[PDB]
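Visitor: Got a structure for you, written out below as structure tokens; questions coming shortly.
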Amino acid sequence: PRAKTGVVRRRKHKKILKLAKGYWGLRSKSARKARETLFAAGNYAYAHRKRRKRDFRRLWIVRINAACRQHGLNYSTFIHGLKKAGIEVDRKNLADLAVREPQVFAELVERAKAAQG
Amino acid sequence: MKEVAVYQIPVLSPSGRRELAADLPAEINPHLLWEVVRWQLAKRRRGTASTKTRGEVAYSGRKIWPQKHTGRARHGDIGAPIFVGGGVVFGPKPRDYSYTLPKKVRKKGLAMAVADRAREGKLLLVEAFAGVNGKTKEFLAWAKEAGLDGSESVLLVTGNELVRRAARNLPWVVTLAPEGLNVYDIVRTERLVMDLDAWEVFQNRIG
Amino acid sequence: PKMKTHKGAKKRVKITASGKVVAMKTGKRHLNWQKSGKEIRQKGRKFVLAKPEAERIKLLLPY
Amino acid sequence: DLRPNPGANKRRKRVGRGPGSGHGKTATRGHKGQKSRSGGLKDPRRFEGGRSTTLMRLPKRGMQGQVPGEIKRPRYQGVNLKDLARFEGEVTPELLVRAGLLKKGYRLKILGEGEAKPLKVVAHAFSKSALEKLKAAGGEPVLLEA
RNA sequence: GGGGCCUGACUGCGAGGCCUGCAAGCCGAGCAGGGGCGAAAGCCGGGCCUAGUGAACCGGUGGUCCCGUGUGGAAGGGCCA
RNA sequence: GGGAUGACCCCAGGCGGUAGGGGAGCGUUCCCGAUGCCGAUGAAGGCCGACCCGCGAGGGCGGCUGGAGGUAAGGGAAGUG
RNA sequence: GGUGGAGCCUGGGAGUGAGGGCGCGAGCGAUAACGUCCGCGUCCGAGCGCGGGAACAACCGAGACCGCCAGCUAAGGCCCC
RNA sequence: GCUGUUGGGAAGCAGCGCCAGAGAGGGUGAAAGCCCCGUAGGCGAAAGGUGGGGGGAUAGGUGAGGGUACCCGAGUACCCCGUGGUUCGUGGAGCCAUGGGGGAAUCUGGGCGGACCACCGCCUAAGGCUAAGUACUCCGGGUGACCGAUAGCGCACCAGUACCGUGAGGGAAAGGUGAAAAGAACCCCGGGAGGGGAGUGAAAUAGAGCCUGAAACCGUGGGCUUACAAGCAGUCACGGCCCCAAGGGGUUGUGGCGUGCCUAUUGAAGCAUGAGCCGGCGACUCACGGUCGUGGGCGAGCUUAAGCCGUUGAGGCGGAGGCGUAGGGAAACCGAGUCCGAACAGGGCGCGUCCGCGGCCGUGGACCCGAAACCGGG
RNA sequence: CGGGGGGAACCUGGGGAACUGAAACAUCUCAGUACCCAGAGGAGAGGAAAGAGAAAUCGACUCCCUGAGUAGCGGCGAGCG
């Protein structure tokens, strides 16, 4: 018996055209400009997740530095402090203490330079 | 052995009990039964599907355009399988799906098929057929007395052509001469009913 | 549609009961003139190895 | 028995190998990568190089056949008295064809392995050995044929 | 290098290895036949060693337990060289 | 390794990848299953879906269209992506 | 010593038979070439996936099953980008 | 086979029946054994075809010895030369046929049995006819794990047409309203074409190349958004505005990152190949052998082919034959051995089948498309 | 009296290629195939032994299965059979 393509192709194609919503021009309309685009989109996302995880390490650091620069010392030194003090805690994420509750930050700094006389 | 088939009231004489060998629950081999049904339905296949190679298509062999400085793509004749008009590639030809299954494996299957059916409690071989002059009416009445209500499907084998005409048109009964005994027809049916003369030939067909 | 035996081998190599392929030593049909008695003597049959798998496949009906 | 799952047991496998997709046997088709995997190639078995196969080996298997073909000559079939042990009474050709050995293969010759048996045994010949073992009761119907 | 007798520049075999894609190439102790030299122990299956070579096919010679198209022989094959 | 084998849980390794080799699936046409079952209270196909299950191939479910066909489990065949 | 995606044996299926750079050792070349020919090693090939080197197959770091808005390091970096 | 029930429409659903040698299949407003056409089963030819199948009737055929030796197919046999056919390619080359030369006999005749001789045997050449069992499918019919309008024939349709070519020749495209035409009177704008009302219809985004109506492509409206930024067009993050709600959806301002896809290559974003885009068509197969593997059946055995009978989606029978049960040797041969050899040296070789499935191979295009060309007949 | 011309295949006879395969090519192969001509008919051909071939053998011809990829043929190549 004969098994013509039938319905099947139209569907692989509009599965993929759904994924292509909002791409510029033909990238959202062509069965296969969409396709191409989406490989690259896919890789971008994957690596870009990796990066997001480094992109924030970075952000935190820079406002940590900022704030502890406000009390004389700097980030190189400040981390030494926390390290020795045993408070591997901060976790650059959570030195948003820099902003909400600097009170608390102030202390942390003090404890930090105390490990260093 | 577990082997006690079910006599059926020739005249008023109630239901005795015939009993016979590994012809009764021996040990069913599904795979084999399968191989037999498989064989049965392939040999019955027709294989009349055909299609035209590029060679068999009406179009001529003229070369369609130069090959060279056209600016179009290369091509011979318009009968090629990249061409809409053209031939189909490895499309079906007519062929024969039959093959010769080991006779012995057929005996086995046939023997077993009944056995499963005997074990189930479905095999009932009979004698009484006052349901004569093959009228559906007559058979049906007779069936009622034999507890054949038409609530399961039934395979009736017998050499008596009048009882054959009798069922047939019933849609829950599959009618059959004994030489036509075969696993598929056995299996497809829920219940098995045999003439004792039919059970005699079935005997011979094994051993 | 049915393989033919390759007569050129049938004609020059036996198949043993293991299913090893046996051929005469080449190399003494006119060479000679004076090669050692050892040379000319040392031609009875022999095995082959990996190249017999090939030679067997061609003696297909005779097994 | 039921209708479904009479179903093939264990391993039937009719899942043969197709080569067309992104995953499995792709692009160039499940093998091939090159040129002369393309719609024919020379053998091998025998062929190739354009070297000399090994048709440098040589047909000492001389006595290969003359024009009008074979010579009809009466052909002989071996059977061990070992094999005879089975059955008793008297053994003869054709009586044997209706069993494992001889069949049509013409002129019977009993020989060889196993202990002999008390029965007269018609044959076209024996090995010396088998003639001796068959002293333990049994025949010298030999001669035969006309 | 020189002399004496010699023809093992043997026939039938080859444990076992080198080399090695194949097929080739190479070394080989030892046993039998019938020899050579030596009193003997032994040595001899060409040459101090590593080049001087050419698979099969197709033919030619000389042999020969073989085959011989109804039988006997031929014709023509095979086998050894 | 357990072993109330539970294909269910602990223990330890591994899991870039072209030619290739192997292993498990998905889906299309047709066959048995079928004198059956779903269908006008709406089949096939189509247009949406931010919902559900699947690693994925896919499978559902919901709305809209459509207007008459479709076809389980479990098997079988191929003009099968 | 060494249980390793080690080894050995028998069989089915292959692809390859076009390499490239770097380091070291030679030849050719002019102690020229992103030259050319071998040898040992390594990577790219197939790791144009990740970090360094401004950018950059094969130099340095390092072998990417998936996820994290956690942590420690590698090369290389800490005046601003 | 009626009623009832939803529905435009019952054949659905329900109640209660019936026929069945008929429960194949199509149609009827949807899905019906019992409405229609049918099916099972059974009838039928005045006419013209066909017709030993069953009869008849002819033609035709129906002896022994014992003698004569009168006849038993001529440019024939036979031989040589040159060739063909056969498995036979000059081979040791017969047999069958015959272009050329030479050229018999009538059973003591003559051909043959693979050069040739001799035995032994086979057959009667140079005249002719002969059914059946076999092939094929213009045509009628029956079936389908055959196609379903880019498929199936080139042609579902007024196609061997339109069209192309002097000609031979080449050769398309193009199916579908609806149950019923009930195919839209009449009014309105317009020259008409087209609309808008009205109207039919269950439905008119079923309105006439009218079922379904995907994508490319072109519009209209609406949301978010952009005129000091640099780009494989995406992505990760924040923030703004827009739409139903502690959750989403849309959009994108700034920030970080980022060398298209395929092919071919040592190496491609590559300024190397292919590709306007969308849809459909488009490439690893089948037969028979083989060889591995695997699911089974039986086992020193296994298995049947063609056919014959039975079925009418039924299976049986049929052992001719085939592999295996024994090997060695070129062979004669011998045999658990045998070959070389003088050899009680040595050494060489010397322990299943059937069916299914899958990998691979040989023969056929054998994964698909493409030559420049060669040949025959026009 | 007959003939003539037509007919999808199928048949017999008279003539009769090449690409191709042989991994070049001439013998060989494709193949007495394709094609041309003549003829036959529902079929055609063949057909009652101057046969086979080793069997005290069989007994017209045709067709199927075997025999058998055997016997052999063969630049003993490809392959034919």
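Chains as they are written, first to last, in the numbering used here: chain F, 460 to 576; chain L, 689 to 895; chain G, 3 to 65; chain A, 6 to 151.
Backbone N, C-alpha and C define an ideal beta-carbon position, used for all residues, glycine too.
Helix, strand or coil for L/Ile752, going by three-state DSSP, please let me know.
Guide: As a working note, residue 752 of chain L is residue 64 in the second sequence. In the structure shown, L/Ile752 adopts coil according to DSSP, grouped into three states.
Visitor: Does the segment 96-109 of chain A come into contact with the segment 133-142 of chain A, if we say contact requires no fewer than three beta-carbon pairs (one atom in each stretch) closer than 8 Å?
Guide: No, they do not touch.
Visitor: List the residues that DSSP assigns as beta-bridge partners of A/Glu95.
Guide: Residue mapping note: residue 95 of chain A aligns to position 90 of the fourth sequence, counting from 1. Answer is A/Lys125.
Visitor: Would you mind sorting F/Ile546 into buried or exposed? The rule is 16 or more other CB atoms within 10 Å of its CB.
Guide: As a position in the first sequence, residue 546 of chain F is number 87, starting the count at 1. It is exposed - the Cβ of F/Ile546 has fewer than 16 other Cβ atoms within 10 Å.
Visitor: Can you tell me whether L/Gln696 is buried or exposed, with buried defined as 16 or more other CB within 10 angstroms of its CB?
Guide: For the purposes of this step, residue 696 of chain L is taken as the residue at position 8 of the second sequence. It counts as buried.
Visitor: List the residues of chain A whose Cβ lies closer than 7 Å to the Cβ of L/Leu884, in chain order.
Guide: Position 196 of the second sequence, counting from 1, holds the residue named residue 884 of chain L. Chain A residues near L/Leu884: none, gap ~23 Å exceeds 7 Å.
Visitor: List, in order along the chain, the chain L residues whose C-beta lies closer than 7 Å to that of A/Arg62?
Guide: Counting from one through the fourth sequence, the residue named residue 62 of chain A turns up at place 57. Per Cβ cutoff of 7 Å: no residues; A/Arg62 is ~41 Å from chain L at best.
Visitor: Jot down the residue ranges of each uninterrupted alpha helix (DSSP H) in the segment 722-788 of chain L, minimum 4 residues, whole runs only, in chain order.
Guide: none
Visitor: Starting from A/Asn85 and walking both ways along the beta strand (DSSP E), at which residues does that stretch end?
Guide: Position 80 of the fourth sequence holds residue 85 of chain A. Per DSSP, the unbroken beta strand (DSSP E) holding A/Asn85 starts and ends at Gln82 to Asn85.
Visitor: So is A/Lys65 in contact with chain G if we call contact Cβ pairs under 8 Å?
Guide: Taking the first residue of the fourth sequence as position 1, residue 65 of chain A is located at position 60. Closer than 8 Å: yes.
Visitor: Measuring only the C-alpha atoms, how far is L/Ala818 from L/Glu878?
Guide: Residue numbering aside, residue 818 of chain L sits at position 130 when the second sequence is read from its first letter. Residue numbering aside, residue 878 of chain L sits at position 190 when the second sequence is read from its first letter. Taking the straight line joining both Cα atoms gives about 24 Å.
Visitor: What's the gap between the Cα of L/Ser703 and the Cα of L/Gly809?
Guide: The count along the second sequence starts at 1 and reaches residue 703 of chain L at position 15. The count along the second sequence starts at 1 and reaches residue 809 of chain L at position 121. L/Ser703 and L/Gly809 have their C-alpha atoms roughly 14 Å apart.
Visitor: Got a sec: is the Cβ-Cβ distance from A/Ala104 to anything in chain L below 8 Å?
Guide: For the purposes of this step, residue 104 of chain A is taken as residue 99 along the fourth sequence, with counting starting at 1. A/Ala104 does not count as touching chain L.
Visitor: Along chain A, which residues have their Cβ under 7 Å away from the Cβ of L/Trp722?
Guide: On the second sequence, residue 722 of chain L is found 34 positions in, with the first residue counted as 1. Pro11, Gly12 and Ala13, listed in chain order.
Visitor: Buried or exposed: which applies to A/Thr33, given that a residue is buried once 16 or more other Cβ atoms fall within 10 Å of its Cβ?
Guide: Taking the fourth sequence and counting its residues from 1, one reaches residue 33 of chain A at position 28. Exposed is the call here.
Visitor: Note down, in chain order, every chain A residue with its Cβ under 7 Å from the Cβ of G/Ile59.
Guide: Taking the first residue of the third sequence as position 1, residue 59 of chain G is located at position 57. What G/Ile59 touches in chain A: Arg50.
Visitor: What are the boundary residues of the alpha helix (DSSP H) that F/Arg528 is part of?
Guide: Walking along the first sequence from the start, residue 528 of chain F turns up at place 69. First-last of the alpha helix (DSSP H) with F/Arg528: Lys492 to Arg528.
Visitor: Fully enclosed by the segment 43-85 of chain A, which beta strand (DSSP E) runs are 3 residues long or longer?
Guide: As far as the segment 43-85 of chain A is concerned, its whole beta strand (DSSP E) runs of at least 3 residues are 82-85.
Visitor: Counting only beta-carbon separations shorter than 8 Å, does A/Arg112 have a partner in chain L?
Guide: By 1-based counting over the fourth sequence, the position of residue 112 of chain A is 107. At a cut-off of 8 Å, the C-beta of A/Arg112 has no neighbouring C-beta in chain L.
Visitor: Closest Cβ-Cβ distance between A/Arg8 and chain L: below 8 Å?
Guide: Reading the fourth sequence from its first residue, position 3 is the one you call residue 8 of chain A. At least one chain L Cβ lies under 8 Å of A/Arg8.
Visitor: What number of angstroms, rounded off, separates the C-alpha of A/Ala90 from the C-alpha of A/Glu118?
Guide: Walking along the fourth sequence from the start, residue 90 of chain A turns up at place 85. Walking along the fourth sequence from the start, residue 118 of chain A turns up at place 113. About 11 Å.
Visitor: Candidates A/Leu113, A/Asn10, A/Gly67 and A/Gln69: which alpha carbon is nearest L/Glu723's?
Guide: Numbered from 1 along the second sequence, position 35 holds the residue referred to as residue 723 of chain L. Ranked by how close their Cα comes to the Cα of L/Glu723, the residues A/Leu113, A/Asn10, A/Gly67 and A/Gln69 have A/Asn10 in first place.
Visitor: What did DSSP end up calling A/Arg19 once you bin it into helix, strand or coil?
Guide: On the fourth sequence, position 14 is the one that residue 19 of chain A refers to. Three-state result, A/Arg19: coil.
Visitor: Pull up the DSSP beta-bridge partners for L/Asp883, would you.
Guide: Numbered from 1 along the second sequence, position 195 holds the residue referred to as residue 883 of chain L. Answer is L/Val814, bridged to L/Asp883.
Visitor: Alpha carbons only, please: which of L/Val776, L/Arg876 and L/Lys751 is nearest the one belonging to L/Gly764?
Guide: Here residue 764 of chain L corresponds to residue number 76 of the second sequence, with the count starting at 1. It is L/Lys751 whose Cα lies nearest to the Cα of L/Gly764.
Visitor: Can you tell which of A/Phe92, A/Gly44 and A/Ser57 has its C-alpha closest to the C-alpha of A/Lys125?
Guide: Along the fourth sequence, read from residue 1 onward, the residue named residue 125 of chain A stands at position 120. With distances taken between Cα atoms, A/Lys125 lies closest to A/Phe92.
Visitor: For G/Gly10, return the contacting residues in chain A, with the cut-off set at a CB-CB distance below 7 Å.
Guide: For the purposes of this step, residue 10 of chain G is identified with residue 8 of the third sequence, where counting begins at 1. Ordered by position in chain A, the residues that pass the 7 Å Cβ test against G/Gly10 are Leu60.
Visitor: Please state whether DSSP places L/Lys795 in a helix, a strand or coil.
Guide: Taking the second sequence and counting its residues from 1, one reaches residue 795 of chain L at position 107. When secondary structure is reduced to three states using DSSP, L/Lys795 falls in the helix class.
Visitor: Give the DSSP bridge partners of A/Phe131, in chain order.
Guide: Counting from 1 along the fourth sequence, the entry for residue 131 of chain A is found at position 126. Per DSSP, A/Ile115.
Visitor: Opposite L/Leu864 in the DSSP bridges: which residues?
Guide: Taking the second sequence and counting its residues from 1, the one referred to as residue 864 of chain L is at position 176. When DSSP reads this structure, L/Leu864 sits in a beta bridge with L/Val845.
Visitor: Give the interface partners of A/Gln69 over in chain G, defined as CB-CB distance under 8 Å, in chain order.
Guide: For the purposes of this step, residue 69 of chain A is taken as residue 64 along the fourth sequence, with counting starting at 1. Residues of chain G passing the Cβ test: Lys13.
Visitor: Let me confirm a value: L/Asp784 is counted as buried when at least 16 other C-beta atoms fall within 10 Å, else exposed. Which label applies?
Guide: If you number the second sequence from 1, residue 784 of chain L lands on position 96. Answer is exposed; the Cβ neighbour count stays below 16.
Visitor: For L/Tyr787 versus L/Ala831, is the C-beta spacing smaller than 8 Å?
Guide: In the second sequence, residue 787 of chain L corresponds to position 99, counting from 1. In the second sequence, residue 831 of chain L corresponds to position 143, counting from 1. No.
Visitor: Taking all protein chains shown into account, decide if G/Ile42 is buried (16 or more other Cβ within 10 angstroms of its Cβ) or exposed.
Guide: The count along the third sequence starts at 1 and reaches residue 42 of chain G at position 40. So G/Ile42 ends up on the exposed side.
Visitor: Are the segment 488-496 of chain F and the segment 468-475 of chain F touching by the rule of at least three beta carbon pairs closer than 8 Å?
Guide: yes
Visitor: Could you check which residue in A/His129, A/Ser134 and A/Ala142 has the C-alpha nearest to that of A/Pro79?
Guide: Here residue 79 of chain A refers to the residue found at position 74 of the fourth sequence. Taking only the C-alpha atoms, the option nearest A/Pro79 is A/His129.
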